[PDB]
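This report refers to the structure that appears directly beneath it.
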Amino acid sequence: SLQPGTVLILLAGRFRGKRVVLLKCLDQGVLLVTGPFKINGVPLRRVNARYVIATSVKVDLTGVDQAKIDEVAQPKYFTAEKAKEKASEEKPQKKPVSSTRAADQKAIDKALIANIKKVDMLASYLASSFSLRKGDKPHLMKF
Amino acid sequence: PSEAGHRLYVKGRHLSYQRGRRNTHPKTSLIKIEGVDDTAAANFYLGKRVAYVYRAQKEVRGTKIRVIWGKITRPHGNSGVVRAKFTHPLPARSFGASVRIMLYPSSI
Amino acid sequence: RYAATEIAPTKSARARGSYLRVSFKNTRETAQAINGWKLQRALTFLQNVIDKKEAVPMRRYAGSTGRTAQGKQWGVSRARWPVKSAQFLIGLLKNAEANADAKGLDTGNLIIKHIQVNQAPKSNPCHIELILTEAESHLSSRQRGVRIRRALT
Amino acid sequence: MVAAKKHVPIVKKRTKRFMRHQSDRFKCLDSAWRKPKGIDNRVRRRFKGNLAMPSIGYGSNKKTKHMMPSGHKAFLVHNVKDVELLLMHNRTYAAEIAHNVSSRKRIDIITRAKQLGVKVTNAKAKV
Amino acid sequence: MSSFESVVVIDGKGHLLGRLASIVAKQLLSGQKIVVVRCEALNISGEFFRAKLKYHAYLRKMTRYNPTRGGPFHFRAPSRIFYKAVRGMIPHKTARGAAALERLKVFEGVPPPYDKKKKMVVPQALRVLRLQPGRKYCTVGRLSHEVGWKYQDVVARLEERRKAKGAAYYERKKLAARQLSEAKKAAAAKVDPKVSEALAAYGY
RNA sequence: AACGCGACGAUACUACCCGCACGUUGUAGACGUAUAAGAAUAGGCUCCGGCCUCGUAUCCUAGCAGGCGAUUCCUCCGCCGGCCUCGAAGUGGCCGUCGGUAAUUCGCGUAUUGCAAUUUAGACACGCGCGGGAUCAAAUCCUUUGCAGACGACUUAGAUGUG
RNA sequence: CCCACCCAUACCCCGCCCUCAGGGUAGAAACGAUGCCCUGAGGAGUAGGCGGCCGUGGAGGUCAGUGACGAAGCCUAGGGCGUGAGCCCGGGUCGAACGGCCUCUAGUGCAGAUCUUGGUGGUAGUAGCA
RNA sequence: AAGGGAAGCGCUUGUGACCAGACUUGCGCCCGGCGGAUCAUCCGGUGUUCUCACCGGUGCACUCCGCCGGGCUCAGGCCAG
């Protein structure tokens, strides 16, 4: 159900309800996803397949740099400056985004965002949170 | 102005324990999920998470909300009521009480 | 030694009597009646009990006790006039007042902070004691993050 | 050292005591277990809803018997010679100072055991 | 559809006493708040002389020495009859049963708090859906009136007033629905050809 | 009904009412807690075209837990006043002002809570605080009375008056 | 008559305890061999039979045992071990002796006996004090 | 703290009150600064289990014994995915 370039619905974590786009499927059940940030605020981040839900909206990935994605897919990209950043955090101010990280998003979200602005109302879909109304049945409704 | 709901769980009601005519077993509880009517509907939610959320008197680590976690194990009967196993048996005062049934781990 | 050991001895006056040949039950009832009262109010009440103007309510040891209208002061029906225990308690309260005067406390603002009646070696005598006093985080990362975001916004 | 030898998890088949019948009703009866010899009483007959009887089925695992939750076995220590006996068992045994040992002898035992790598169950008694 | 609501109001007209009480008791013990109205409009299967005979036997049963305390309090109101059925079906001598009975409410007629609320129906207890057409039935209100309920006429007059007010409300509903129909067609052109066919394809 | 209820008078203290700062305050258990015809069932509804197994329906539902700024919109919502309405255990409408408001589109921010950890967020009730208005009470004991009485209890009377 | 479902200590899988049964373990780098390892089966219980353990007073040997820097005893909404009888530790009190281990010894283990002695309850501030 | 014509007891939660454990880092490698001369080999004596050790001599900068300013690995407590 999940392929490179598929819209996912996060069910847990800080970004709960936030519909995102899965770009690359990693190993041991982890997934590399992104908003894109300019749409719903979700950055280039890795989540769990058991906590995502796969919709059938599939977005085109033509023109997207696979090499750049495969660099973020490495096993120390996110958990690297983690020790230094948290320690440095110790009036409150927003911790700064690794120059490298703010620099990477822009590339991938520029290409992906362009292919999303093409499909009718898709920006609106991705920017909105999924929520459960009254009378809707998760075992019957098709995603 | 979002003026919209923020629910991501399915409502459920802790009804009772798995019991005989006399003997009661607090290990496994009976949960009535909102909108489930039959065993196929139950089979969709087998394996899903369930949380009993209640309010306490003392705030221990920033909140008075305490939660008991468990999972849906197997369907019960023919009416969609499910059996659930929790890390601790439920207080037995929460018969007919609310539980939150979470969709993870997901398979769809 | 006294039962109430949580009161400083420099701020309170203490009175004691042992092997008192007065009824333990009646003395308990009148001590419970005068518990927590001002010294002047308690002395006036005890003198009234002597003069049959006010009655001590019998709460625990009140089997087959005659009724009297004075019981309405306590919302109870069974009241009595324990005259001899009243005299003994008057003597002990006077001893406590003399001790307070010796220590230099203000007798106009003393309350019966502690009063206690125990059984003595056996007729059923009792011990009485009383004390008068002057009346006067391990937060998680997610919660830290949500709180930081709330502080910013 | 501080850490104990690797062991299988310590499981307790029953965490509460086996109180004597009617000990909650009569104060002349202590709570220590006594097997009832009456032919008609439901506790002996094993009727449901009554007190359980001690049995060998509750016996703890052989590899975790006599083990504290830290994984050590308590050895009653009276002096420096006893902790020197306990030398060769740092990871399996802990030292429990006898209740009648004086404070200075306790200080000496604690110093020797800290040199020795041995856990002391009651190292903070008279501090 | 196994839906949970805050409080559900059940219109008691045309409902079998025992079956409705069974459904209500199960809901109360599962944790749903129930408000039953028109207990005088409730129905009992069988014939009226059989129901009256049963109630007269109930009256016969009484405590000797002291009728004031410990005796069977013979409540004559239809709401109390339905409450008696529900209490007999709920374990009232427990804290759980007391909580369920505190979740239950019953009234005669439809009080003004509940006249503007939606009244639901239980098809599993309806007379017209359950009984065979040739079979007899009686009215709990009639039984209560013939055993000593003093307020049949007052409830009847209040129901007449409520029905008149409901007729006025329904004339207003007619006006609103007619205007809604005219408004839909009037903006059926002024909209967007795509949206219209888009909704038709998506089922709206 | 001494653990059923209604109307009214006076309510000193305390703080009676009003607004929010809320509470490390409680709740057999919020998370869209949305939805009023009546009546019949061997019939009914209607705009009078027609329609009715089917509430698997209608409303509402997008936006840092929902930010800031624009083109465009007169739609929805709430608080206060005015006119009336609702009494079965008491409310809604109309007008008006005032505040908010994606039906279309766009821009600038969200990152780091680090792969999940109740999304501490509702209501009523209760309590501490201020700053605005206001109020300024009784009962019991005591004496007396005898329409009352085993004792309590009850009917009476004690403040300048036919005491 | 047909379908699905609920559960007993019953039946099946796994873990652990005990018992019984069947095997292995020396030119010892060898063992509380009264030990250790492997496999299988079994598990209610009156009268009765057998075995192992817990506890008390005193005796011999030993721990070059503990102790006025606090023995024993007692109290504890404080802990740890043992299936259990019981054993060990912490806190408070206290003041002068006591304990573990192998044997010996016996006036050695209590809920009953309308038990013995002593102390103390409800009845009850009641009957009553002519 | 509980209490609407008994209490007391078993299994299992929950609330309140109160506590015993666990951890505080250990092990081994790559660096540098060191402080030192108990590296090896050989010689004489001694004791032993007749080939192993102990003493004194010899041996002093990629040889041995401890510390510091760093880096890496592994093993490390509770609850979990």
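Note that each Cβ is placed from the backbone with ideal geometry, even for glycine, and that neighbours are counted across all protein chains shown. None of the figures in this text is laboratory data; all of them are computed from the coordinates on show.
So here's what we get for this one:
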item: Unit charges on C-beta of K, R, D, E only; dipole of chain A, Debye; result: 560 debye
item: Alpha-carbon radius of gyration plus Dmax, which is the widest Cα pair, for the range E:1-92 in Å; result: 15.1, 52
item: Sum of -39500 (n - 2.57) over DSSP H runs of 4+, divided by residues of chain A (222 nm, nearest 500); result: -8500 deg cm²/dmol
item: Using alpha carbons only: equivalent-ellipsoid semi-axes of chain C, gyration tensor based, whole Å; result: 44, 22, 17
item: Ratio of the Cα radius of gyration of the range C:97-153 to 2.2 N^0.38 Å, where N counts its residues; result: 2.78
item: Top of D:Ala98, D:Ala113, D:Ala32 by mean-square fluctuation, Gaussian network on chain D, Cα under 10 Å; result: D:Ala32
item: For chain E, with +1 on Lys and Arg beta carbons and -1 on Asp and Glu, the positive-most of E:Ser79, E:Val106, E:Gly148 along the dipole; result: E:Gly148
item: 10 Å binning of all Cα-Cα separations within chain A, expressed as whole percents from 0 upward; result: 10, 39, 35, 13, 3
item: Rg/Rh (Cα only; Kirkwood hydrodynamic radius) as it applies to the range A:83-143; result: 1.18
item: Check: the range E:66-132 dipole with +1 on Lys, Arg Cβ and -1 on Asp, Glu Cβ, in debye; result: 100 debye
item: Rg over Rh, two decimals, the range E:81-145 (C-alpha only, Kirkwood Rh); result: 1.02
item: Other protein chain Cβ atoms within 10 Å, averaged over every residue that makes up A:129-137; result: 5
item: Centroid-to-centroid separation of the range D:2-46 and the range A:45-63 [C-alpha atoms, Å]; result: 58 Å
item: Once the Cα gyration tensor of the range E:44-111 is diagonalised, semi-axes √(5λ) in Å; result: 22, 20, 12
item: Expected 222 nm ellipticity per residue - DSSP helices of 4 or more, -39500 (n - 2.57), all of chain C, to 500; result: -12000 deg cm²/dmol
item: Options B:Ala42, B:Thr63, B:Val10, ranked by Cα towards positive dipole end of the range B:9-108, top entry (Cβ charges); result: B:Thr63
item: Taking the C-alpha atoms of chain B, convex hull volume expressed per residue in Å³; result: 141 Å³
item: Dipole magnitude of the protein assembly as shown, debye to nearest 20 (Cβ charges: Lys/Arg +1, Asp/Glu -1, about Cα centre); result: 2520 debye
item: Percent antiparallel among DSSP beta bridges (both partners in chain E, rounded to 5); result: 25 percent
item: Links that overshoot a 32 Å alpha carbon limit, given the list A:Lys38/A:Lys82; E:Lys118/E:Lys150; A:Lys142/B:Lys64; B:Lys27/B:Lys58; A:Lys58/B:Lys48; result: A:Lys142/B:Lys64
item: Isotropic mean projected area of the C-alpha convex hull, the range D:33-127 (nm²); result: 9.4 nm²
item: Whole-Å semi-axes of the ellipsoid equivalent to the range D:1-60 (Cα gyration tensor, √5λ, descending); result: 33, 15, 9
item: Distance between the range C:86-153 and the range A:127-143 - C-alpha centres, whole angstrom; result: 62 Å
item: For the range E:1-49, projected area of the alpha-carbon convex hull averaged over all directions, nm²; result: 3.9 nm²
item: Partners for E:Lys93 among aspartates and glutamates (Cα-Cα distance below 18 Å; same-chain residues under 8 apart left out); result: E:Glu102
item: 20 Å-binned pair-distance histogram of the protein assembly as shown (Cα, whole percent); result: 10, 22, 31, 27, 10, 0
item: Spherically averaged projected area in nm², based on the convex hull that wraps the Cα atoms of the range E:46-177; result: 11.7 nm²
item: Cα centroid separation - the range B:34-64 against the range B:74-108, whole Å; result: 6 Å
item: Candidates B:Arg21, B:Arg83, B:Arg55: whichever shows maximal mean-square fluctuation once chain B is modelled as a Gaussian network with Cα springs under 10 Å; result: B:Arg21
item: Peptide ranges A:120-126, A:53-59 listed from the most packed, as the mean C-beta count within 10 angstrom indicates; result: A:53-59, A:120-126
item: Cα pair distances of the range A:35-95 binned at 5 Å [whole percent]; result: 3, 11, 13, 24, 22, 13, 8, 5, 2
item: Rg/Rh (Cα only; Kirkwood hydrodynamic radius) as it applies to the range E:119-183; result: 1.16
item: Among beta bridges that DSSP assigns inside the protein assembly as shown, antiparallel share in %, nearest 5; result: 80 percent
item: Partners for D:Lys48 among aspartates and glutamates (Cα-Cα distance below 20 Å; same-chain residues under 8 apart left out); result: D:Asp24, D:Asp40
item: Within a Gaussian network of chain B (alpha carbon springs, distance under 10 Å), most fluctuating of B:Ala40, B:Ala56, B:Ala97; result: B:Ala56
